[PDB]
Amino acid sequence: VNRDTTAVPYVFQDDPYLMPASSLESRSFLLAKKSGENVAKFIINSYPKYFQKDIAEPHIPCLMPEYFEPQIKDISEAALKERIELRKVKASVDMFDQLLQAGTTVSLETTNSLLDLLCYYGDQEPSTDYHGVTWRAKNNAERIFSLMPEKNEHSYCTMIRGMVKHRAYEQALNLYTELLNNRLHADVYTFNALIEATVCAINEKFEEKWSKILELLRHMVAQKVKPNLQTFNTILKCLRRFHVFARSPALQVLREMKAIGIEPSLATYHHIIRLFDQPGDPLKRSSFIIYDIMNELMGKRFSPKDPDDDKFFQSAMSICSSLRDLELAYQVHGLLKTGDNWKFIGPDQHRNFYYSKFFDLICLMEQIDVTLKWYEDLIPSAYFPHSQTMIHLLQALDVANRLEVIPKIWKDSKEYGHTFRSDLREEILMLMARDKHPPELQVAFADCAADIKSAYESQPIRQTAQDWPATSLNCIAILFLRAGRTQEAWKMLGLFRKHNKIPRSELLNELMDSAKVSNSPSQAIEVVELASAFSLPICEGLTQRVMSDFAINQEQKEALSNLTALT
Amino acid sequence: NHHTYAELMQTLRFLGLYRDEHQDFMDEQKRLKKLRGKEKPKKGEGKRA
Amino acid sequence: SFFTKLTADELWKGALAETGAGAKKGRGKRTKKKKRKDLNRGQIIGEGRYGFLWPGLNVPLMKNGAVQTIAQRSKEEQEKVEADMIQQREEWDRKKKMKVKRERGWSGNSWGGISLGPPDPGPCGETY
Amino acid sequence: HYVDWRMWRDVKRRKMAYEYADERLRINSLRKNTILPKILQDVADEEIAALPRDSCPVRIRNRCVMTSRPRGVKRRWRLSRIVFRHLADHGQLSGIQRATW
Amino acid sequence: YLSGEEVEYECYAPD
Amino acid sequence: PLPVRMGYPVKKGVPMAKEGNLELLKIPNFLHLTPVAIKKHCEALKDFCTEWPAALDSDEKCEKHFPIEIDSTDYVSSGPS
Amino acid sequence: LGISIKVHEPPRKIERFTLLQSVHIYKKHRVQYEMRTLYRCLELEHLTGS
Amino acid sequence: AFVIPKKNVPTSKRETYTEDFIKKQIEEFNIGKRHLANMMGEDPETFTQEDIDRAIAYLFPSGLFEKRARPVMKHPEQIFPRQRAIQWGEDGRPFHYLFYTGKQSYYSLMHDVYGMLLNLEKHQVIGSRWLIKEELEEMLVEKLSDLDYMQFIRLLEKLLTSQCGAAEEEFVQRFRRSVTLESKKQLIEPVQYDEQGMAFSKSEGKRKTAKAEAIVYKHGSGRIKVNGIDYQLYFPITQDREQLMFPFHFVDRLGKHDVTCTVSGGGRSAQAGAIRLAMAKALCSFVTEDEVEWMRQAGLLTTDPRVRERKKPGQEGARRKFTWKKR
Amino acid sequence: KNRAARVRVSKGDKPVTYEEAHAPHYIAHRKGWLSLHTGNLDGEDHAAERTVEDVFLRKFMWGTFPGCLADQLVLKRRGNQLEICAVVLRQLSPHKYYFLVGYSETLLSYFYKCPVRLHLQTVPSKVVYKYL
RNA sequence: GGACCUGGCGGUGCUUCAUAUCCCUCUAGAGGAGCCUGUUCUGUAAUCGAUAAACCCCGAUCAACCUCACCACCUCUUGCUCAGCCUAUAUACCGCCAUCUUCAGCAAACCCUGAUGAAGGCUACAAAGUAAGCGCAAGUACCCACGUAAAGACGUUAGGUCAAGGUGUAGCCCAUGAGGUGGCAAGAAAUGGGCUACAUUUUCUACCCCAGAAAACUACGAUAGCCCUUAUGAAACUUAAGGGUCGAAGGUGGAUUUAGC
Ligand SMILES: [K+]
Ligand SMILES: [K+]
Ligand SMILES: [K+]
Ligand SMILES: [K+]
Ligand SMILES: [K+]
Ligand SMILES: [K+]
Ligand SMILES: [Mg+2]
Ligand SMILES: [Mg+2]
Ligand SMILES: [Mg+2]
Ligand SMILES: [Mg+2]
Ligand SMILES: [Mg+2]
Ligand SMILES: [Mg+2]
Ligand SMILES: [Mg+2]
Ligand SMILES: [Mg+2]
Ligand SMILES: [Mg+2]
Ligand SMILES: [Mg+2]
Ligand SMILES: [Mg+2]
Ligand SMILES: [Mg+2]
Ligand SMILES: [Mg+2]
Ligand SMILES: [Mg+2]
Ligand SMILES: [Mg+2]
Ligand SMILES: [Mg+2]
Ligand SMILES: [Mg+2]
Ligand SMILES: [Mg+2]
Ligand SMILES: [Mg+2]
Ligand SMILES: [Mg+2]
Ligand SMILES: [Mg+2]
């Protein structure tokens, strides 16, 4: 089975009233559903006795309540280990202090397991359901560490990693000196964090920072420590600041990964992609970096190795739009569609950005017959469009001279939450009323303008004053005339005076043609009366046209004389 | 387990997630009986003392 | 027992006693009559005694662009909510107690002389 | 929260009977044969008679689980005739219908 | 009787 | 996308439409098991199957080589257990 | 899948039982219910365990 | 203005289906017809109503005993009841000159039949029946009384007795519905041949819960075997043997055929009855057509429908009631 | 006179649904069952337990979606899956329906120790079969 | 008080009817005997409900304890329950039903007649009625299209059930609530229904229909009484089954009465 293009994603309720009709509701409907699940889990864990009857065979461990409270109330080492597994930072510290004051021996493995908890969360309690730098100067972690009687390599390593995680870059480098003075050897994970601190500790020129890092890497070779993927990924992530200076050094890291035997992940290329994608002219370098990166990734199935693997596709598509290369965009999307690579697209914000840049590049550089196939395959099945993509789609229909689809784009626009977007309704009306069309099309454009008119009339800002742009009124009126709904067009002329919007020259001339056909002198004067209010120069010439074209009654002649008096 | 069912749904009502129409009906009858003077006596302070 | 409970419609149909030999021949008269009340009228889904604030049910889901978390009203803040609901209940009762009194006829208990308004509009858009 | 005090007593009788089932089974085995001496069986008679009265399973009553009706109960659904019919007549019991033939 | 006289727009994706 | 109706109609009436039709909701439908789907499903399940020995053409030949027969029964019911 | 299959319909079973109609007395008035179990038997032959 | 509870007749009113409604229901059926054909992987062009009903029964299996309550996807013409057309135009003038009778279609027919009877004067059974009132009420698209139906039939009969011509004969046949009679002629079993080449026929019979299958050989000496036993040993009761004699005796063929029959279920009498029916049905293959009609008229070829009646609750037996207690 | 599950004739102003309009003798003839499981088939066990669960779920959903249910629930069991199919109204905001779906599916999955899914079909108004 | 209408009633007329149906006719019964079981009455410290048709092997597809709601004695008091109550009221009710119904009618909305009185509204060669809906019908279930089920409106009997559960009103809250132990349920008698009989179309045995014996004080006939054993249970003179012993009334049942096409 393949994706159903007429449906919204499977997570939503398949019901016309409950299906999301916009990108905002797509995000909010899932958050409301997750909120309901959290409220259920909150109750399940708060009142576990109601949910303890197990009638399932085989047993389902994942449908039983969770118990987050320690059940050992004795003061001993085996009771501390329980509070460390539950990740009780305060209880574990209190239990560790009392245990220490009593004079009982606490093992080293356990003392380290307490630092791993404090050093990771920063002496703060992890988030629960319901009851700048963050390396607190007064922190239990540093205290317990000092009081510690015997300190092994692992004790320092967890202190150095915790400091860097919480942005205490300067303290972590100072602690890295003691480890060396004590003839100890750190691990790769400690070195990964120290590379992050070397770059972020102080602001200096690239050459200074690039000389320290190479010293850390050489130290890692002296200590017989082998670098992992995150070692190289941290270097490339940290070189993002220097941009142009780090472009060639960054490519030296990539070539080193290949030789050593570490395999670049999606994150490894995301960092290189972002490093080379600096504001400027991308053609000079970014062109051949993305073309070579995709030839390497062609036909490769990916596995999660780095936390930043879900950012490559969003980054790669962003450059394809910048370069305006549709062949490359298909290769990026082709890579996303091989095997299970589609799961690396990222969160909802990254999924909507990826498809916006991808589709907006299709509408621009792709044939309109294929553009409308992607429009059907992606929307709403893959993502809900932003109002700027509906505009990019209309601009593509205009360039292709296929305007019979405009009424469909408006129908879909409403179903995607763009009923009350001003930039969109103006764009639709301007294209429809730009030029005259055969009677069949003109009638269709007047049924759409009518529905747009209703949208302007029933805006949610109707509580406040209604904003009727000048272009919108002129276009909606012109479309009614060209369709033969003159009765509706004549009624709208009042709205030019009510809102004080200048009538367009074309609208006034076409109104005369509808009058000369109906041979109604009063209406023709009503037109000259309108243009006279705004003091348009064409009016004085139009009054001459009205005289000859239409029979002027004495009252009408005096009325024109009154406007002539104004002239 | 009638305890579990009664205790669970009573708890869910206090949490605002379950509407017990029967319980609401009983609560309105008990409220209007106080205004009528027919209130439950205190244990030990019954009409016989 | 939870399983012995009934719906409001069943409870009111029983309590009101509108079907029966009493109501067949008007064998029972009603100076005091049980009056049906909708007890779900002013009730909000998600609102309970404990005063929990469920994001997406009884409070907004997002606040300041971020998803709200489970919260509970303070004991003082919850008393006000309860008091406000009781006053809203007496106000609603006061709105039903305020009924516009119609003019009487030839006598206070007589129907004679009372206006019934204009006759109903006929099927073919006829009016009176 | 059980339907009535009579259902609550049966709940306790079923719980106590479950706790003493093995003990009663073992003692009864000593009484239900012609192999062991009467002196031993007479002592076993006294032992099982000294167990709590509500441990005896003959005192358990199959009451309606929703109304506690002690008679007119259908064992398969554990419901009284009245409650069963209410559910059956509203189409809420899978596969059950009125029988005409 | 005498005591008391007895007692629209739909749009997609509304916010 | 089918104008399917269900329900015993009232006098001079028609079976109820599909919208809000509980009788159609009560049916265990087979929309997921259309002949087109079954054939596509079974093409993917062929890689999981093995070939019966050609030598065992008849029951008498199976009895000769495999004289013991073991019968066991599995029961598929609906419920948590 | 290339499996040899035969089908037949074993005879149906109808289990009937009687209940009182009234809540109280009126013994001679009953309501009778039934459960109908219908069968289909697919008989597959000469297939491997996989 | 005083608010007497406002009235609404439309609530319980019927929903009339305007012609535009049916026109759009047919567009949905044609689109759905192609969807259903696509679901089942069949050609949409040759997709018939029999295929639709088969596909709907598979996709939406319903065991409801009443077929009218089962899922259906039919052409709107079939589904929606036929709607009487407008009986006047925009100016309000009725189209038919007999409108104000309220029965323009019925009284127009009486006028046409009465007019034909007049012209005749100025000029001068087994396989067909008259249509029933419910069929006349559909040709006319009106509701009719019983006496209205009789008056129309009495007027048509009065037209046949006259010297009605061809024009007056096509008209009457519009109201004559052919009655298709099933033939009571007994179906003859095929004559088979055994390994030895002896001709025989085979049939079956049922009496109460007894089921019998008899093989009657074309030639024989009168031997009857019941479950491998001689008939007089299997049926020691003289009445059961008389039942076996009845078919052969009735056609004068005692001692001319050999029979091997198997019988199961029922009692001794029901088994003899089932064998009687099985032997008679098989014996019909070796007698003339006239003899088969004589056996039919003698009750030898009819399955007896008399089976035990169920007991009802609240009474002692199938019919016997409990004693009406002394008052 | 029989009373069981019979909406009685009135003045022609009472709207009844298809299910409400059919007395018990029409069960399996004109109307189907509101729950389908294997407990009531011959040779099958645990009918009592399936019956109690069904009675609870109907009360739970009635009070969990107060004023929203437009018809009786249809309960389906396949294997250990429990599917709840409900016809609801279009008055509550979609956010509140998604909250209650997530909440109800989770709470019922932990209560009965089985994967539970809730399927909502919305109708603008209660579907009326006839006016009795 | 006058006139009239409606209803009820008439030891009120005529006419045609009932199809297992009012009478006779047909078949097997009840009414007499024993036993089983229900009710009444009496008895007991010791439930309740049903109780003319439409109660009386009825709520019970079921009481040795339990069940249980009763009686006696003892005990507990925020009590399995954000208490509890089988306490009063079915003449406040829902729920589920009886009953005519072994019926075919009920009926909104309109229209017309009687002076626009209470009232009435049909004639087919037709003279003011039209009628949604409900019931019947149709359809469906069982073995058919037959039959049997099912279905059977509105209304009648303030019909039955607060003790299925729920619940209005009133009442109890150291008691009208809760628990424990033991105990009640018998028969002077009357009566309803049923079972077994009184026998020869029978009894016993073999057999499942070609037999041999029995056949009036050792026959037919108790499923009763008494004794023993076994089964279930913790508990059995008590419940059930079996054996032994015993061998009674009964000799085909008045008025009257039940069911069956
Ligand atoms: K009279
Ligand atoms: K007798
Ligand atoms: K009642
Ligand atoms: K009650
Ligand atoms: K009460
Ligand atoms: K008797
Ligand atoms: Mg007054
Ligand atoms: Mg018992
Ligand atoms: Mg009989
Ligand atoms: Mg009845
Ligand atoms: Mg007698
Ligand atoms: Mg009594
Ligand atoms: Mg009484
Ligand atoms: Mg009474
Ligand atoms: Mg009576
Ligand atoms: Mg006791
Ligand atoms: Mg007792
Ligand atoms: Mg009491
Ligand atoms: Mg009553
Ligand atoms: Mg029939
Ligand atoms: Mg019947
Ligand atoms: Mg019928
Ligand atoms: Mg009474
Ligand atoms: Mg007491
Ligand atoms: Mg004896
Ligand atoms: Mg014993
Ligand atoms: Mg003797």
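What follows draws every value from the coordinates through simple rules; no lab data is involved. Virtual Cβ from ideal backbone geometry, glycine too; neighbours counted across all protein chains shown.
Miscellaneous remarks
- Of the peptides I:121-127, F:19-25, I:1-7, the order by per-residue mean of other Cβ atoms within 10 Å, starting with the highest, comes out as F:19-25, I:121-127, I:1-7.
- Taking every C-alpha pair closer than 8 Å and separated by at least 6 residues, the mean separation divided by the residue count of chain F gives a relative contact order of 14 percent.
- Here segment C:64-128 is treated as a Stokes sphere of Kirkwood radius computed over C-alpha pairs; at 4 °C and 1.567 mPa s its diffusion coefficient rounds to 71 µm²/s.
- Spatial extent of the protein assembly as shown: Rg and Dmax, with the Cα atoms as the point set, Å: 44.4, 142
- Taking one quarter of the surface of the convex hull spanned by the alpha-carbon atoms of segment F:13-81 gives a direction-averaged projected area of 10.6 nm².
- One equal scatterer on each Cα of chain B, no solvent, Debye formula: the resulting log10 I(q)/I(0) at q = 0.14, 0.17, 0.32 Å⁻¹ is -0.56, -0.72, -1.08.
- Quarter of the Cα convex hull surface for segment D:1-91, i.e. its orientation-mean projected area (nm²): 7.7 nm²
- Peptide H:52-60 - average C-beta neighbours from other chains (10 Å radius): 4
- Highest-first packing order for the peptide set D:49-62, A:153-166 is A:153-166, D:49-62, based on the mean count of other beta carbon atoms within 10 Å.
- Exceeding the 21 Å Cα-Cα cut-off - candidates B:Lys38/C:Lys24; C:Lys35/C:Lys80; F:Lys12/H:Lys13; A:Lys357/C:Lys63; B:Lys30/C:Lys5: B:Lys38/C:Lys24; C:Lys35/C:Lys80; A:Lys357/C:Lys63
- Using Cβ point charges alone (K and R +1, D and E -1), the dipole size of segment D:1-91 about the Cα centre works out to roughly 680 debye.
- Principal semi-axes in Å for segment I:17-89 [√(5λ), Cα gyration tensor, largest first]: 22, 18, 10
- Inter-chain neighbour count for C:115-121: the average number of beta-carbon atoms from partner chains within 10 Å of each residue's beta-carbon is 2.
- The calculated 222 nm mean residue ellipticity attributable to helices in the protein assembly as shown amounts to -14000 deg cm²/dmol, summing -39500 (n - 2.57) over DSSP H runs of n ≥ 4 and dividing by all residues.
- The overall shape of segment I:84-132 is oblate: from the C-alpha gyration tensor, with semi-axes ordered a ≥ b ≥ c, the ratio a/c is 1.5 or greater and a/b is no larger than b/c.
- The share of alpha-carbon pairs in segment A:427-567 lying farther apart than 18 Å comes to 57%.
- Excluding same-chain neighbours fewer than eight residues apart, the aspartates and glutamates reachable from G:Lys6 by a Cα-Cα span under 20 Å are F:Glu51, F:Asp57, F:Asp59, F:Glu60, F:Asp71, F:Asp74, G:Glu43, G:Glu45.
- Debye log10 I(q)/I(0) for segment A:22-86, one point scatterer per Cα, at q = 0.26 Å⁻¹: -1.04
- Segment A:208-283 and segment H:62-127 have their alpha-carbon centroids 90 Å apart.
- Tail fraction, Cα-Cα pairs, chain H, threshold 32 Å, whole percent: 66 percent
- Local electrostatic count, H:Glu137, Cβ distance below 15 Å [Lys/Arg +1, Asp/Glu -1]: +3
- For chain D, the relative contact order is 23 percent, taking Cα pairs closer than 8 Å that sit 6 or more residues apart in sequence and dividing their mean separation by the residue count.
- Nearest 10 degrees, 0 to 90: helix B:21-35 Cα axis against chain B principal axis: 20 degrees
- Residue by residue along A:180-188, Cβ atoms of other protein chains within 10 Å of the local Cβ number 0 on average.
- By the compact-protein rule of thumb, 2.2 N^0.38 Å, the alpha-carbon radius of gyration of segment A:301-372 corresponds to a ratio of 1.10.
- Cα lying deepest toward the dipole's positive end in segment A:37-134, options A:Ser46, A:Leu100, A:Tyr67, charges on Cβ: A:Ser46
- Cα-based Rg and Dmax for segment H:218-264, where Dmax is the largest Cα-Cα distance (Å): 10.4, 28
- Descending semi-axes in Å of chain I, equivalent ellipsoid built from Cα gyration tensor: 27, 23, 11
- Cα convex hull of chain G - mean projected area over all directions, nm²: 6.2 nm²
- Span from the segment I:35-58 Cα centroid across to the chain G one, whole angstrom: 15 Å
- From the alpha carbon centroid of segment A:440-507 to that of segment A:321-382 is 36 Å.
- Take every Cα pair under 8 Å whose residues are at least 6 apart in sequence, average their separation, divide by the length of segment H:1-119, and the relative contact order is 17 percent.
- The P(r) of chain A has a tail past 44 Å containing 46 percent of all C-alpha pairs.
- Two numbers describe the Cα atoms of segment H:180-327: Rg and Dmax, which are 18.7, 76 Å.
- Inter-probe distance in nm under a simple model that places probes 7 Å from Cα toward Cβ, at A:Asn401 and A:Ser107: 8.4 nm
- Counting only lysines at least 8 places from H:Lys325 when in the same chain, those with an alpha carbon closer than 24 Å to its own are G:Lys27, G:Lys28, H:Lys311, H:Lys312, I:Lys1.
- The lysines whose alpha-carbon is closer than 16 Å to the alpha-carbon of I:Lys96, local same-chain residues fewer than 8 away aside, are A:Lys33, A:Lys34.
- Each 10 Å bin from zero up to the one holding the largest Cα-Cα distance in chain C carries the following percent of pairs: 8, 17, 23, 23, 14, 11, 2.
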